[PDB]
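Heads up, the chain below is alone and in the form deposited in one PDB entry; it's given as structure tokens.
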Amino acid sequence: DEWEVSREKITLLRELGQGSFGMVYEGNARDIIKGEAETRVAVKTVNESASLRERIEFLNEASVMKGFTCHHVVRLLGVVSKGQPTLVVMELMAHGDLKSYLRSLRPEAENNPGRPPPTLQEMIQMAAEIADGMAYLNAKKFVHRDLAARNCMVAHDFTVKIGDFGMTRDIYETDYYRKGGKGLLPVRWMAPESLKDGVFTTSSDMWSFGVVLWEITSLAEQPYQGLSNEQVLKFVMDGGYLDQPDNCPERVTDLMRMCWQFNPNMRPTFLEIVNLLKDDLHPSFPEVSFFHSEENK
């Protein structure tokens, strides 16, 4: 209702790439944002051949997003749910996902924009933005379960935001989500206790946040390269973790190691990350952050 957008206002322009449950498109949306006759948007759709499970998860993801208002979380703008097909309209992120962005900054990248890799200050800013959006998600009582550079998105001014919630689960009642069994899973990002007990908490998100820091400082190499998926499962459950990338600033190394404590109780919280980094950020941060907001209570 409040979210419903009239279909005639949405025009699909081109493919951005296959999302969790179907193709995402760049589009044009008329009269969706007050003050803009027409806005360039991202539009998520469901594959016609999607399984019942995927159709359910797609709709549930859109539904979860309705509850979020955070500068560091990709914004839901509207839904077209009258007639066919369902369109999920969101904030277009001008520089796409963080993994693509990082890979483009490699010296040998064919798509190098003519900029060097991120500086220490830029890395710190990314870290704080990611952590701020995650702290918001946690305060909203959801666990992300799939935090990774590929699921963070980069805006026109290079602000990083949490951007994909295909595995996100409500934890209001218990503070954890548990699910064992077989699955196509982001093994290289997962905490030892998630792999062992199938348990997902804000601490297991923190583990993945460490891996995101590793991605930032390695320009999104594959974690545990030379190990198969099954070897990563064994390695990490037995107390293994990632080595430091070449020329990694010590400050980021220090954070990574805290994120990879075997015992989840020992890892930092996302608020603690923002707090640690808070004096080293762009002056706009307190004006837009969840951390510095009245809601952070």
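Sequential numbering from 1, following the sequence displayed. Rigid core: the largest C-alpha set superposing within 1.5 Å between the two forms.
Beyond the structure shown, there is the form deposited in another entry, which is absent from this document and is the topic of what follows.
Colleague: Compare C-alpha positions between the shown form and the other one after fitting on the rigid core and state which of 48, 250, 230, 246 moves by at least 2 angstroms.
Modeller: So the residue whose C-alpha moves 2 Å or more is 48.
Colleague: Under a superposition restricted to the rigid core, does residue 169 display a Cα displacement of 2 angstroms or more between the shown form and the other one?
Modeller: Yes: residue 169 shifts by at least 2 Å between the shown form and the other one.
Colleague: Is residue 58 one of the residues whose Cα moves 2 Å or more between the shown form and the other one, with the core superposed?
Modeller: It does, since the residue 58 C-alpha is displaced 2 Å or more between the shown form and the other one after the core fit.
Colleague: Once the two forms are fit on the core, has residue 196 moved its CA by at least 2 Å between the shown form and the other one?
Modeller: Residue 196: C-alpha displaced by less than 2 Å between the shown form and the other one.
Colleague: Relative to what we see here, could you say if residue 172 and residue 135 have their Cα atoms closer or farther apart in the other form, with a change of 3 Å or more?
Modeller: The answer is farther, because the C-alphas of residue 172 and residue 135 separate from each other in the other form by 3 Å or more.
Colleague: Specify closer or farther for residue 167 and residue 91: how their Cα atoms are spaced in the other form versus the shown form, given a shift of 3 angstroms or more.
Modeller: Between the C-alphas of residue 91 and residue 167, the gap narrows in the other form (3 Å or more compared with this form).
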